[PDB]
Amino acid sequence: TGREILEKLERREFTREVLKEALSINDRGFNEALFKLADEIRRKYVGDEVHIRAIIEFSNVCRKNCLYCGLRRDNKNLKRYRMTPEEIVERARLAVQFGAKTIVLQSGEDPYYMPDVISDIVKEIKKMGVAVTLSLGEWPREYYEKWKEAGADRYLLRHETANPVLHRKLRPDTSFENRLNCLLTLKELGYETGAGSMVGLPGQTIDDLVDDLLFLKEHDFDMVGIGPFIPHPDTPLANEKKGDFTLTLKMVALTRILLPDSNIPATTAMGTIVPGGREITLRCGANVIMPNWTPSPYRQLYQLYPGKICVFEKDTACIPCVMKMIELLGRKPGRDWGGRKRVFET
């Protein structure tokens, strides 16, 4: 029964059997109770602060060919861009002037910057007294070491799917084994490390989602980024179905329940598939948001998926907008860098 599954989640009996049933039950009452549980666990462990991570998507050049992604190298219907290191540093400075306590640098897997230009950029931003999070994909250990020495604090590297067969199909340049080895190296080097997956990929099952949750629990990641798959018209997956918002929201809720002290963003993909999706997600376990800080005229060219919200807004709009969002949600802005605050338990 739904009531029995909630009782087991409340007692932290996180068996495969319990997680599968939670994801399989579609009862509105059960779902609402699950979201309430996750919301309460979030409030108890990580409080009411919503941590703002200002994201600068500094290049849409990519060497990889992921089947879901609009930046895949085979996509010729996309104007490619690269911000200069001076542009990136000064754009980061502007975010810090607007109150950002974490700068996130994200790109396609663009060889041009790697590793030294990134190191130089990271060193300049670290002078501003903020946390730096990188999201640059898969690189050699030596690059990750150099970036950590340069001052990088965190690394976001979504594991995408924990099914190694699906992973290899969707990401033909690499493997789940590679992705996991990247994540383990990041952890070893002392990064606060973020993983997470997409929900509703072509061929992905409920059992795969259960494996995603068990994988996250196993490795105790500091951050978990979860969003729905959104098909992009300039990719091989163009005609496939979008991920379901409510199922994806259940994955966020379960992630909070399993990893109560983790940092969990309300992802832009959630706000893209449903108007107000990020706000809902912030009320179902999430405690982080990433306002878009990519400048014009490049913001519109960073199209991992279509319809992406905030593309049409003035450059500087998203930090003020999320501060208003945080207030109308009855939440507080983060006071410090919002690093993980571990609660050791049993």
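Don't overthink the numbering: it's just position in the shown sequence, from 1. Heads up, when I say rigid core I mean the largest set of C-alphas that superpose within 1.5 Å between the two forms.
In 6 other deposited structures of this protein, superposed by the rigid core, the C-alpha atoms of 296-304 lie farther from the shown form than the other of 46-54 and 296-304.
Comparing 38-46 with 307-315, the higher mean C-alpha B-factor in the PDB entry belongs to 307-315. Higher mean CA temperature factor between 50-58 and 295-303: 295-303, per the PDB entry. Per the PDB record, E149 has a higher Cα B-factor than any other of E109, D153, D261, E149.
Note on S135, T248, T205, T102: the highest value goes to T205, judged by CA B factor as recorded. In the deposited entry, the Cα temperature factor of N65 sits in the middle third of values across the chain's modelled residues. Sort the chain's modelled residues by C-alpha temperature factor and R256 lands in the lowest third, per the entry. Ranked by C-alpha B-factor against the other modelled residues of its chain, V199 falls in the middle third.
Compared with the other modelled residues of the chain, the Cα B-factor recorded for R93 ranks in the lowest third.
Ranked by Cα temperature factor within the chain, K126 sits in the lowest third according to the deposited record.
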